[PDB]
$ cat work05.csv   # CSV, C-alpha atoms
chain,number,residue,atom,x,y,z
A,259,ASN,CA,9.9,24.2,-1.4
A,260,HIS,CA,7.5,22.9,-0.3
A,261,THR,CA,6.1,20.2,2.0
A,262,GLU,CA,9.8,19.9,2.8
A,263,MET,CA,9.1,23.2,4.5
A,264,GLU,CA,6.3,22.1,6.7
A,265,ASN,CA,8.2,19.1,7.8
A,266,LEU,CA,11.0,21.4,8.8
A,267,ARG,CA,8.6,23.5,10.9
A,268,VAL,CA,7.4,20.3,12.5
A,269,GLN,CA,11.0,19.4,13.2
A,270,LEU,CA,12.2,22.8,14.4
A,271,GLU,CA,9.3,23.1,16.7
A,272,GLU,CA,10.0,19.8,18.5
A,273,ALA,CA,13.8,20.5,18.5
A,274,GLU,CA,13.0,23.7,20.4
A,275,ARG,CA,10.8,21.7,22.8
A,276,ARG,CA,13.6,19.1,23.2
A,277,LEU,CA,16.3,21.6,23.8
A,278,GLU,CA,14.6,22.6,27.1
A,282,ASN,CA,9.0,14.9,27.8
A,283,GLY,CA,8.2,11.2,27.4
A,284,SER,CA,8.9,8.9,24.4
A,285,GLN,CA,10.9,10.6,21.7
A,286,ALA,CA,12.3,9.3,18.4
A,287,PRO,CA,15.0,11.1,16.4
A,288,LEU,CA,13.8,14.1,14.4
A,289,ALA,CA,15.5,12.7,11.3
A,290,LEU,CA,12.7,10.1,11.3
A,291,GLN,CA,9.8,12.6,10.9
A,292,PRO,CA,10.0,13.1,7.2
A,293,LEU,CA,10.7,9.5,6.5
A,294,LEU,CA,7.7,8.4,8.5
A,295,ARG,CA,5.4,11.1,7.2
A,296,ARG,CA,6.2,9.8,3.7
A,297,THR,CA,5.6,6.2,4.8
A,298,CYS,CA,2.3,7.0,6.5
A,299,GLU,CA,1.3,8.9,3.3
A,300,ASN,CA,2.0,6.0,1.0
A,301,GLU,CA,0.1,3.7,3.3
A,302,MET,CA,-3.1,5.8,3.4
A,303,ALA,CA,-2.9,6.3,-0.4
A,304,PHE,CA,-2.6,2.5,-0.9
A,305,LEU,CA,-5.7,2.0,1.2
A,306,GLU,CA,-7.7,4.7,-0.6
A,307,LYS,CA,-6.9,3.0,-3.9
A,308,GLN,CA,-8.1,-0.3,-2.6
A,309,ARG,CA,-11.3,1.4,-1.4
A,310,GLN,CA,-11.6,3.0,-4.9
A,311,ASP,CA,-11.3,-0.4,-6.6
A,312,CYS,CA,-14.0,-2.0,-4.5
A,313,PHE,CA,-16.3,0.9,-5.2
A,314,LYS,CA,-15.6,0.5,-8.9
A,315,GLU,CA,-16.3,-3.2,-8.7
A,316,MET,CA,-19.5,-2.6,-6.8
A,317,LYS,CA,-20.6,-0.3,-9.6
A,318,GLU,CA,-20.0,-3.0,-12.2
A,319,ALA,CA,-22.1,-5.3,-10.0
A,320,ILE,CA,-25.0,-2.8,-10.0
A,321,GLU,CA,-24.8,-2.7,-13.8
A,322,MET,CA,-25.0,-6.5,-14.0
A,323,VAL,CA,-28.1,-6.5,-11.9
A,324,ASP,CA,-29.5,-3.9,-14.3
A,325,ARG,CA,-28.7,-6.3,-17.2
A,326,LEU,CA,-30.2,-9.4,-15.6
A,327,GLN,CA,-33.5,-7.6,-14.9
A,328,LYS,CA,-33.6,-6.4,-18.5
A,329,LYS,CA,-32.8,-9.5,-20.6
A,336,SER,CA,-34.3,-21.2,-24.0
A,337,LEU,CA,-32.9,-21.8,-20.6
A,338,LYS,CA,-31.6,-25.4,-20.2
A,339,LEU,CA,-30.8,-27.3,-17.0
A,340,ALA,CA,-27.4,-26.1,-15.6
A,341,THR,CA,-26.5,-29.0,-13.3
A,342,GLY,CA,-25.3,-28.9,-9.7
A,343,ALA,CA,-24.1,-25.3,-10.0
A,344,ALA,CA,-25.2,-21.7,-9.6
A,345,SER,CA,-27.3,-19.5,-11.8
A,346,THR,CA,-26.0,-16.2,-13.1
A,347,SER,CA,-28.3,-14.4,-10.7
A,348,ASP,CA,-26.9,-16.5,-7.9
A,349,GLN,CA,-23.4,-15.7,-9.2
A,350,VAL,CA,-24.2,-12.0,-9.0
A,351,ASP,CA,-25.7,-12.1,-5.5
A,352,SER,CA,-22.5,-13.8,-4.2
A,353,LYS,CA,-20.4,-11.3,-6.2
A,354,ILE,CA,-22.1,-8.6,-4.2
A,355,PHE,CA,-21.6,-10.5,-0.9
A,356,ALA,CA,-17.9,-10.9,-1.6
A,357,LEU,CA,-17.6,-7.2,-2.5
A,358,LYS,CA,-19.4,-6.1,0.6
A,359,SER,CA,-17.2,-8.3,2.9
A,360,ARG,CA,-14.1,-6.9,1.2
A,361,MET,CA,-15.4,-3.4,1.7
A,362,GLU,CA,-15.8,-4.2,5.4
A,363,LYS,CA,-12.3,-5.7,5.5
A,364,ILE,CA,-11.0,-2.5,3.9
A,365,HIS,CA,-12.9,-0.3,6.5
A,366,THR,CA,-11.4,-2.0,9.5
A,367,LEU,CA,-8.0,-2.2,7.9
A,368,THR,CA,-8.0,1.6,7.6
A,369,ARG,CA,-9.1,2.0,11.3
A,370,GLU,CA,-6.4,-0.4,12.4
A,371,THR,CA,-3.9,1.6,10.3
A,372,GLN,CA,-4.9,4.9,11.7
A,373,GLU,CA,-4.5,3.6,15.2
A,374,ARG,CA,-1.1,2.2,14.4
A,375,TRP,CA,0.0,5.6,13.1
A,376,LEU,CA,-1.3,7.4,16.2
A,377,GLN,CA,0.7,5.0,18.3
A,378,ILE,CA,3.8,5.7,16.2
A,379,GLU,CA,3.3,9.5,16.5
A,380,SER,CA,3.1,9.3,20.3
A,381,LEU,CA,6.0,7.0,20.6
A,382,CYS,CA,8.0,9.3,18.3
A,383,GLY,CA,6.9,12.6,19.9
A,384,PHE,CA,6.1,14.4,16.7
A,385,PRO,CA,3.1,14.7,14.3
A,386,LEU,CA,2.7,12.5,11.1
A,387,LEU,CA,-0.9,11.7,10.5
A,388,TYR,CA,-3.0,13.8,8.1
B,258,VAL,CA,0.6,-16.1,21.4
B,259,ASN,CA,3.8,-17.0,19.5
B,260,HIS,CA,4.5,-16.6,15.8
B,261,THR,CA,6.0,-13.4,14.7
B,262,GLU,CA,5.3,-11.9,18.1
B,263,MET,CA,8.2,-14.1,19.4
B,264,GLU,CA,10.6,-13.0,16.7
B,265,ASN,CA,10.0,-9.3,17.3
B,266,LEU,CA,10.6,-10.0,21.0
B,267,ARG,CA,14.0,-11.5,20.3
B,268,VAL,CA,14.7,-8.5,18.2
B,269,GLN,CA,13.7,-6.2,21.1
B,270,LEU,CA,15.4,-8.1,23.9
B,271,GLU,CA,18.6,-8.3,21.9
B,272,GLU,CA,18.8,-4.6,21.4
B,273,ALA,CA,17.6,-3.9,25.0
B,274,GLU,CA,20.7,-5.9,26.0
B,275,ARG,CA,22.9,-3.7,23.9
B,276,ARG,CA,21.2,-0.5,25.1
B,277,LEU,CA,21.5,-1.5,28.7
B,278,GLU,CA,25.3,-1.7,28.5
B,284,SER,CA,20.5,6.7,16.8
B,285,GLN,CA,17.9,5.1,19.1
B,286,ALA,CA,14.2,4.9,18.6
B,287,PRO,CA,12.0,3.5,21.4
B,288,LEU,CA,12.0,-0.3,21.2
B,289,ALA,CA,8.2,-0.4,21.3
B,290,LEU,CA,8.3,1.0,17.8
B,291,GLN,CA,9.9,-2.1,16.2
B,292,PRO,CA,6.8,-4.2,16.0
B,293,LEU,CA,4.7,-1.2,14.8
B,294,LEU,CA,7.3,-0.4,12.2
B,295,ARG,CA,7.7,-4.0,11.1
B,296,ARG,CA,4.0,-4.3,10.5
B,297,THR,CA,4.1,-1.0,8.6
B,298,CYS,CA,7.0,-1.9,6.4
B,299,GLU,CA,5.5,-5.3,5.7
B,300,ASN,CA,2.3,-3.7,4.6
B,301,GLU,CA,4.2,-1.3,2.3
B,302,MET,CA,6.1,-4.1,0.5
B,303,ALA,CA,2.9,-6.1,0.2
B,304,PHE,CA,1.1,-3.1,-1.3
B,305,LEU,CA,4.0,-2.8,-3.7
B,306,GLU,CA,3.9,-6.4,-4.7
B,307,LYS,CA,0.2,-6.4,-5.4
B,308,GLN,CA,1.0,-3.5,-7.8
B,309,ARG,CA,3.7,-5.5,-9.6
B,310,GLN,CA,1.3,-8.3,-9.8
B,311,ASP,CA,-1.5,-6.2,-11.4
B,312,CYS,CA,0.8,-4.8,-14.0
B,313,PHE,CA,2.2,-8.2,-14.8
B,314,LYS,CA,-1.4,-9.4,-15.2
B,315,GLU,CA,-2.1,-6.5,-17.6
B,316,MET,CA,1.0,-7.2,-19.7
B,317,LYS,CA,-0.4,-10.7,-20.1
B,318,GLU,CA,-3.8,-9.4,-21.2
B,319,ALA,CA,-1.9,-7.4,-23.8
B,320,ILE,CA,0.2,-10.3,-25.1
B,321,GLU,CA,-3.2,-11.9,-25.6
B,322,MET,CA,-4.5,-9.0,-27.6
B,323,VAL,CA,-1.5,-9.1,-29.9
B,324,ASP,CA,-2.1,-12.8,-30.5
B,325,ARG,CA,-5.8,-12.2,-31.3
B,326,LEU,CA,-4.7,-9.4,-33.7
B,327,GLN,CA,-2.5,-11.7,-35.8
B,328,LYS,CA,-5.4,-14.1,-36.0
B,329,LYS,CA,-8.4,-12.1,-37.1
B,336,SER,CA,-14.3,-5.1,-44.0
B,337,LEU,CA,-12.5,-2.0,-42.7
B,338,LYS,CA,-13.5,1.7,-43.0
B,339,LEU,CA,-11.8,5.1,-42.8
B,340,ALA,CA,-11.5,5.4,-39.0
B,341,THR,CA,-11.1,9.2,-38.9
B,342,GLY,CA,-8.0,11.0,-37.7
B,343,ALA,CA,-7.1,8.5,-34.9
B,344,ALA,CA,-5.3,5.3,-34.0
B,345,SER,CA,-5.8,1.7,-35.4
B,346,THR,CA,-6.5,-1.2,-33.0
B,347,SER,CA,-2.9,-2.3,-33.4
B,348,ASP,CA,-1.7,1.3,-32.8
B,349,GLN,CA,-3.6,1.5,-29.6
B,350,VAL,CA,-2.5,-1.9,-28.4
B,351,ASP,CA,1.1,-0.9,-29.0
B,352,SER,CA,0.5,2.1,-26.7
B,353,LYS,CA,-1.2,-0.1,-24.2
B,354,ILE,CA,2.1,-1.9,-24.0
B,355,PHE,CA,4.1,1.3,-23.8
B,356,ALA,CA,2.1,2.5,-20.9
B,357,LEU,CA,2.3,-0.8,-19.1
B,358,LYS,CA,6.1,-1.0,-19.6
B,359,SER,CA,6.4,2.5,-18.1
B,360,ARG,CA,4.2,1.6,-15.2
B,361,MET,CA,6.3,-1.4,-14.5
B,362,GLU,CA,9.4,0.8,-14.6
B,363,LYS,CA,7.9,3.4,-12.2
B,364,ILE,CA,6.8,0.5,-10.0
B,365,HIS,CA,10.4,-0.8,-10.1
B,366,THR,CA,12.1,2.4,-9.1
B,367,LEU,CA,9.4,3.0,-6.4
B,368,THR,CA,10.2,-0.3,-4.7
B,369,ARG,CA,13.9,0.6,-4.7
B,370,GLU,CA,13.2,4.0,-3.2
B,371,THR,CA,11.0,2.3,-0.6
B,372,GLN,CA,13.7,-0.2,0.4
B,373,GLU,CA,16.1,2.7,0.8
B,374,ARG,CA,13.7,4.6,3.0
B,375,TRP,CA,13.2,1.5,5.3
B,376,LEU,CA,16.9,0.9,5.6
B,377,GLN,CA,17.4,4.5,6.5
B,378,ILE,CA,14.6,4.2,9.0
B,379,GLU,CA,16.2,1.0,10.4
B,380,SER,CA,19.5,2.8,10.9
B,381,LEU,CA,17.8,5.8,12.6
B,382,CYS,CA,15.9,3.5,14.9
B,383,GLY,CA,18.7,1.1,15.9
B,384,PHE,CA,16.9,-2.2,15.1
B,385,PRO,CA,16.1,-4.4,12.1
B,386,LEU,CA,12.9,-4.1,10.2
B,387,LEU,CA,13.3,-5.9,6.8
$ encode --input "work05.csv" --output "structure tokens"
Amino acid sequence: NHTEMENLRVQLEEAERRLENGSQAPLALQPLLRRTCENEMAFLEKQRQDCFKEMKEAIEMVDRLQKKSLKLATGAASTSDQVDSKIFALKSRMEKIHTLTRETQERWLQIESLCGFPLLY
Amino acid sequence: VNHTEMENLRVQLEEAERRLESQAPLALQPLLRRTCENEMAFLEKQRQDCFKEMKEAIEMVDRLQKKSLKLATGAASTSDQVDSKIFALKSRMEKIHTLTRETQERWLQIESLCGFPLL
């Protein structure tokens, strides 16, 4: 009972160390921040999941195009053009997501070290 | 530059003034404000998605009243399954709603352990 326990070990170990330095935040914070940190990484993974899933739809669309009169279409974009810029968007988004998760990991490492206890992964 | 960097500063300087005369290191307040702001944003995007799906559903119900039929096996009709689409959605919206209450509490608690504002 359960991960509550490993938090405790984390806490007890630092309490021992503090009873004997650097930046230290109150030990009551460690479970609250480990939870927070964990929500945040989860939220990122689910964004990464979605972009993957949407990239997979895109691939399927390209498969359809290649498989399957035409008209004029105006001053707009063809469906093929629409798909190519779908991919572009998706790939920029996936880059955005990748840096966001590096930024977030850094932030959490900074928080750890200001706090004086572990929290990441 | 300026922007929210300034506001954080006023938050920090103010508390530094009180501390000079539970405490977390003041350098934490900007990192924690960012973090907290992310979490509420992530939450809101979820509330949005679920709203958007409850809207898709309302649309299905409408299409159903508008518009031949076989035996269908030992399963659920189109209207049966839409009705359960709505049930799931309503539950998700409820879990989403409690989650954001729990999350606010956590941040207030964090605030109080830290000794500075964050929401």
$ residues_around --input "work05.csv" --residues "residue 379 in chain B" --least-positions-apart "4" --cutoff "10 Å" --atoms "only C-alpha atoms" --output "short mmCIF file (atom, residue, chain, number, x, y, z; two decimals) with C-alpha atoms, in the coordinates of the input"
data_model
loop_
_atom_site.label_atom_id
_atom_site.label_comp_id
_atom_site.auth_asym_id
_atom_site.auth_seq_id
_atom_site.Cartn_x
_atom_site.Cartn_y
_atom_site.Cartn_z
CA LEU A 290 12.70 10.10 11.30
CA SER B 284 20.50 6.70 16.80
CA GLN B 285 17.90 5.10 19.10
CA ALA B 286 14.20 4.90 18.60
CA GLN B 291 9.90 -2.10 16.20
CA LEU B 294 7.30 -0.40 12.20
CA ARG B 295 7.70 -4.00 11.10
CA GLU B 373 16.10 2.70 0.80
CA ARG B 374 13.70 4.60 3.00
CA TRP B 375 13.20 1.50 5.30
CA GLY B 383 18.70 1.10 15.90
CA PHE B 384 16.90 -2.20 15.10
CA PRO B 385 16.10 -4.40 12.10
CA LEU B 386 12.90 -4.10 10.20
CA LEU B 387 13.30 -5.90 6.80
#
$ atom_distance --input "work05.csv" --atom1 "CA of residue 289 in chain A" --atom2 "CA of residue 301 in chain B"
20.1 Å
$ closest_residue --input "work05.csv" --among "A:349, A:310, A:261, A:291" --to "chain B" --atoms "all atoms listed in the file"
A:291
$ closest_atom_pairs --input "work05.csv" --of "chain A" --to "chain B" --cutoff "8 Å" --atoms "all atoms listed in the file" --output "Markdown table"
| residue | atom | partner | partner_atom | distance |
| --- | --- | --- | --- | --- |
| A:284 | CA | B:287 | CA | 6.9 |
| A:285 | CA | B:287 | CA | 7.2 |
| A:286 | CA | B:286 | CA | 4.8 |
| A:287 | CA | B:286 | CA | 6.6 |
| A:289 | CA | B:381 | CA | 7.4 |
| A:290 | CA | B:378 | CA | 6.6 |
| A:293 | CA | B:374 | CA | 6.7 |
| A:300 | CA | B:301 | CA | 7.7 |
| A:301 | CA | B:301 | CA | 6.5 |
| A:304 | CA | B:304 | CA | 6.7 |
| A:374 | CA | B:293 | CA | 6.7 |
| A:378 | CA | B:290 | CA | 6.7 |
| A:381 | CA | B:287 | CA | 7.0 |
| A:382 | CA | B:286 | CA | 7.6 |
$ closest_residue --input "work05.csv" --among "A:268, A:298, A:316, A:386" --to "residue 358 in chain A" --atoms "all atoms listed in the file"
A:316
$ closest_residue --input "work05.csv" --among "B:270, B:259, B:278, B:313" --to "residue 362 in chain B" --atoms "all atoms listed in the file"
B:313
$ closest_residue --input "work05.csv" --among "A:306, A:379, A:353, A:347" --to "residue 327 in chain A" --atoms "all atoms listed in the file"
A:347
$ closest_residue --input "work05.csv" --among "A:259, A:372, A:297, A:346" --to "residue 323 in chain A" --atoms "all atoms listed in the file"
A:346
$ residues_around --input "work05.csv" --residues "residue 321 in chain B" --least-positions-apart "6" --cutoff "12 Å" --atoms "only C-alpha atoms" --output "mmCIF file with C-alpha atoms, in the coordinates of the input"
data_model
loop_
_atom_site.group_PDB
_atom_site.id
_atom_site.type_symbol
_atom_site.label_atom_id
_atom_site.label_comp_id
_atom_site.auth_asym_id
_atom_site.auth_seq_id
_atom_site.Cartn_x
_atom_site.Cartn_y
_atom_site.Cartn_z
ATOM 1 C CA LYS B 314 -1.400 -9.400 -15.200
ATOM 2 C CA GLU B 315 -2.100 -6.500 -17.600
ATOM 3 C CA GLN B 327 -2.500 -11.700 -35.800
ATOM 4 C CA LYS B 328 -5.400 -14.100 -36.000
ATOM 5 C CA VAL B 350 -2.500 -1.900 -28.400
ATOM 6 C CA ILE B 354 2.100 -1.900 -24.000
#
$ atom_distance --input "work05.csv" --atom1 "CA of residue 363 in chain A" --atom2 "CA of residue 310 in chain B"
20.6 Å
$ closest_residue --input "work05.csv" --among "B:320, B:266, B:312, B:277" --to "residue 363 in chain B" --atoms "all atoms listed in the file"
B:312
$ atom_distance --input "work05.csv" --atom1 "CA of residue 360 in chain B" --atom2 "CA of residue 315 in chain A"
22.0 Å
$ build_atoms --input "work05.csv" --residues "range 350-381 of chain A" --atoms "N, CA and C atoms" --output "PDB file, in the frame of the given file"
ATOM      1  N   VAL A 350     -24.265 -13.400  -9.246  1.00  0.00           N
ATOM      2  CA  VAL A 350     -24.200 -12.000  -9.000  1.00  0.00           C
ATOM      3  C   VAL A 350     -24.436 -11.651  -7.557  1.00  0.00           C
ATOM      4  N   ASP A 351     -25.372 -12.364  -6.942  1.00  0.00           N
ATOM      5  CA  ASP A 351     -25.700 -12.100  -5.500  1.00  0.00           C
ATOM      6  C   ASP A 351     -24.481 -12.397  -4.652  1.00  0.00           C
ATOM      7  N   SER A 352     -23.708 -13.417  -5.011  1.00  0.00           N
ATOM      8  CA  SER A 352     -22.500 -13.800  -4.200  1.00  0.00           C
ATOM      9  C   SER A 352     -21.296 -12.913  -4.652  1.00  0.00           C
ATOM     10  N   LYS A 353     -21.365 -12.290  -5.821  1.00  0.00           N
ATOM     11  CA  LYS A 353     -20.400 -11.300  -6.200  1.00  0.00           C
ATOM     12  C   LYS A 353     -20.555 -10.076  -5.244  1.00  0.00           C
ATOM     13  N   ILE A 354     -21.801  -9.664  -5.062  1.00  0.00           N
ATOM     14  CA  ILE A 354     -22.100  -8.600  -4.200  1.00  0.00           C
ATOM     15  C   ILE A 354     -21.674  -8.867  -2.748  1.00  0.00           C
ATOM     16  N   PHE A 355     -21.949 -10.086  -2.297  1.00  0.00           N
ATOM     17  CA  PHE A 355     -21.600 -10.500  -0.900  1.00  0.00           C
ATOM     18  C   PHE A 355     -20.101 -10.377  -0.715  1.00  0.00           C
ATOM     19  N   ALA A 356     -19.341 -10.961  -1.637  1.00  0.00           N
ATOM     20  CA  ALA A 356     -17.900 -10.900  -1.600  1.00  0.00           C
ATOM     21  C   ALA A 356     -17.464  -9.404  -1.539  1.00  0.00           C
ATOM     22  N   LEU A 357     -17.953  -8.599  -2.477  1.00  0.00           N
ATOM     23  CA  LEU A 357     -17.600  -7.200  -2.500  1.00  0.00           C
ATOM     24  C   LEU A 357     -17.847  -6.491  -1.227  1.00  0.00           C
ATOM     25  N   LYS A 358     -19.013  -6.743  -0.652  1.00  0.00           N
ATOM     26  CA  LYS A 358     -19.400  -6.100   0.600  1.00  0.00           C
ATOM     27  C   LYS A 358     -18.531  -6.557   1.815  1.00  0.00           C
ATOM     28  N   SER A 359     -18.099  -7.818   1.814  1.00  0.00           N
ATOM     29  CA  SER A 359     -17.200  -8.300   2.900  1.00  0.00           C
ATOM     30  C   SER A 359     -15.859  -7.649   2.722  1.00  0.00           C
ATOM     31  N   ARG A 360     -15.377  -7.597   1.486  1.00  0.00           N
ATOM     32  CA  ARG A 360     -14.100  -6.900   1.200  1.00  0.00           C
ATOM     33  C   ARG A 360     -14.146  -5.460   1.613  1.00  0.00           C
ATOM     34  N   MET A 361     -15.256  -4.771   1.365  1.00  0.00           N
ATOM     35  CA  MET A 361     -15.400  -3.400   1.700  1.00  0.00           C
ATOM     36  C   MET A 361     -15.336  -3.212   3.268  1.00  0.00           C
ATOM     37  N   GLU A 362     -15.854  -4.200   3.985  1.00  0.00           N
ATOM     38  CA  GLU A 362     -15.800  -4.200   5.400  1.00  0.00           C
ATOM     39  C   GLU A 362     -14.336  -4.392   5.880  1.00  0.00           C
ATOM     40  N   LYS A 363     -13.713  -5.409   5.301  1.00  0.00           N
ATOM     41  CA  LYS A 363     -12.300  -5.700   5.500  1.00  0.00           C
ATOM     42  C   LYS A 363     -11.522  -4.379   5.339  1.00  0.00           C
ATOM     43  N   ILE A 364     -11.732  -3.718   4.204  1.00  0.00           N
ATOM     44  CA  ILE A 364     -11.000  -2.500   3.900  1.00  0.00           C
ATOM     45  C   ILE A 364     -11.326  -1.439   5.032  1.00  0.00           C
ATOM     46  N   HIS A 365     -12.557  -1.371   5.522  1.00  0.00           N
ATOM     47  CA  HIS A 365     -12.900  -0.300   6.500  1.00  0.00           C
ATOM     48  C   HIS A 365     -12.155  -0.537   7.801  1.00  0.00           C
ATOM     49  N   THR A 366     -12.102  -1.778   8.270  1.00  0.00           N
ATOM     50  CA  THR A 366     -11.400  -2.000   9.500  1.00  0.00           C
ATOM     51  C   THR A 366      -9.912  -1.881   9.321  1.00  0.00           C
ATOM     52  N   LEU A 367      -9.387  -2.385   8.209  1.00  0.00           N
ATOM     53  CA  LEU A 367      -8.000  -2.200   7.900  1.00  0.00           C
ATOM     54  C   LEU A 367      -7.563  -0.730   8.037  1.00  0.00           C
ATOM     55  N   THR A 368      -8.420   0.181   7.586  1.00  0.00           N
ATOM     56  CA  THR A 368      -8.000   1.600   7.600  1.00  0.00           C
ATOM     57  C   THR A 368      -8.208   2.200   9.040  1.00  0.00           C
ATOM     58  N   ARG A 369      -9.081   1.629   9.862  1.00  0.00           N
ATOM     59  CA  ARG A 369      -9.100   2.000  11.300  1.00  0.00           C
ATOM     60  C   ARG A 369      -7.903   1.500  12.019  1.00  0.00           C
ATOM     61  N   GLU A 370      -7.588   0.220  11.840  1.00  0.00           N
ATOM     62  CA  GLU A 370      -6.400  -0.400  12.400  1.00  0.00           C
ATOM     63  C   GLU A 370      -5.127   0.444  12.055  1.00  0.00           C
ATOM     64  N   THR A 371      -5.048   0.895  10.806  1.00  0.00           N
ATOM     65  CA  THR A 371      -3.900   1.600  10.300  1.00  0.00           C
ATOM     66  C   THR A 371      -3.761   2.959  10.906  1.00  0.00           C
ATOM     67  N   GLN A 372      -4.904   3.615  11.083  1.00  0.00           N
ATOM     68  CA  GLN A 372      -4.900   4.900  11.700  1.00  0.00           C
ATOM     69  C   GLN A 372      -4.451   4.843  13.139  1.00  0.00           C
ATOM     70  N   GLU A 373      -4.915   3.812  13.841  1.00  0.00           N
ATOM     71  CA  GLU A 373      -4.500   3.600  15.200  1.00  0.00           C
ATOM     72  C   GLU A 373      -2.996   3.436  15.289  1.00  0.00           C
ATOM     73  N   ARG A 374      -2.479   2.527  14.470  1.00  0.00           N
ATOM     74  CA  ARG A 374      -1.100   2.200  14.400  1.00  0.00           C
ATOM     75  C   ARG A 374      -0.261   3.523  14.269  1.00  0.00           C
ATOM     76  N   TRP A 375      -0.685   4.366  13.336  1.00  0.00           N
ATOM     77  CA  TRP A 375       0.000   5.600  13.100  1.00  0.00           C
ATOM     78  C   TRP A 375      -0.070   6.601  14.260  1.00  0.00           C
ATOM     79  N   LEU A 376      -1.203   6.615  14.956  1.00  0.00           N
ATOM     80  CA  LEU A 376      -1.300   7.400  16.200  1.00  0.00           C
ATOM     81  C   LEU A 376      -0.394   6.942  17.258  1.00  0.00           C
ATOM     82  N   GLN A 377      -0.247   5.626  17.355  1.00  0.00           N
ATOM     83  CA  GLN A 377       0.700   5.000  18.300  1.00  0.00           C
ATOM     84  C   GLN A 377       2.122   5.404  17.922  1.00  0.00           C
ATOM     85  N   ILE A 378       2.433   5.323  16.641  1.00  0.00           N
ATOM     86  CA  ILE A 378       3.800   5.700  16.200  1.00  0.00           C
ATOM     87  C   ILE A 378       4.083   7.120  16.527  1.00  0.00           C
ATOM     88  N   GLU A 379       3.190   8.033  16.143  1.00  0.00           N
ATOM     89  CA  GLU A 379       3.300   9.500  16.500  1.00  0.00           C
ATOM     90  C   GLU A 379       3.709   9.647  17.957  1.00  0.00           C
ATOM     91  N   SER A 380       2.900   9.087  18.851  1.00  0.00           N
ATOM     92  CA  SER A 380       3.100   9.300  20.300  1.00  0.00           C
ATOM     93  C   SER A 380       4.335   8.676  20.844  1.00  0.00           C
ATOM     94  N   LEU A 381       4.752   7.558  20.276  1.00  0.00           N
ATOM     95  CA  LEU A 381       6.000   7.000  20.600  1.00  0.00           C
ATOM     96  C   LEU A 381       7.186   7.848  20.097  1.00  0.00           C
TER      97      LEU A 381
END
